[PDB]
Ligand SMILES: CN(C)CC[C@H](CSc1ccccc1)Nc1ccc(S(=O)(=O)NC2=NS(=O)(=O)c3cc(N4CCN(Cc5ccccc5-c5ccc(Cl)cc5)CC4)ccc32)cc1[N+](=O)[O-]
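Coming up is one lone chain in structure tokens, specifically the form solved without the ligand.
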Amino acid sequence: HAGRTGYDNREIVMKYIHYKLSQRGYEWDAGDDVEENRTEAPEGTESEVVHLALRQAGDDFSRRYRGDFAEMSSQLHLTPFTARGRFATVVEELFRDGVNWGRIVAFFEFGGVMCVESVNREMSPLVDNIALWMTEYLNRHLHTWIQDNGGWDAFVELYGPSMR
């Protein structure tokens, strides 16, 4: 019914990478794309379990396979003039066969691997372009399916705990 209640698409993608990257400690902060983080007011109650879950599913799933994705990142080259194109291919195959929650969570973890790889090879700035590209596809093609499957509310409930 149209309505309105965005879930911070830009914050959802950046948040995921912020955590997956934090594992190393390398202070990213997106990239001078935010003076401070006070503007946000203590409210919403619509993205407290969706993130926790989405962030969990990635590990619970990515760890389940441990065969592709992570190591699969070796295929792609390594540079700002590479991730761009390759990104399209990698993602293309991700949802090549219909889109689904589990498939989405996989798309996230993937982007996180490519990013960390940049800062590893002295390509920190590359991590910025990554988070961006991902965000795009997220709202571009994923948006349609997102609401189709039930929207964030569907995600949170799907991979969300049991009253916690």
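Numbering starts at 1 and follows the sequence shown.
Keep in mind that the form solved in complex with the ligand is missing from the display, and what follows is about it.
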The binding site of the unliganded chain, tested against the ligand placed in the deposited bound form and superimposed by local C-alphas, with a 2.4 Å cutoff to backbone or C-beta atoms and a three-atom threshold, is blocked
Worksheet item: Taking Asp60, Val105 and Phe110 as the candidate spot, are all three within 4.5 angstroms of the ligand in the deposited bound form by heavy atoms?
Response: yes
- Task: May I ask you to state whether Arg121 is within 4.5 Å of the ligand in the deposited bound form, using heavy atom distances?
- Result: no
Hey, in the deposited bound form, is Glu27 touching the ligand, heavy atoms inside 4.5 Å? no
Near the ligand in the deposited bound form, with a heavy atom at 4.5 Å or closer, the residues from 71 to 87 are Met72
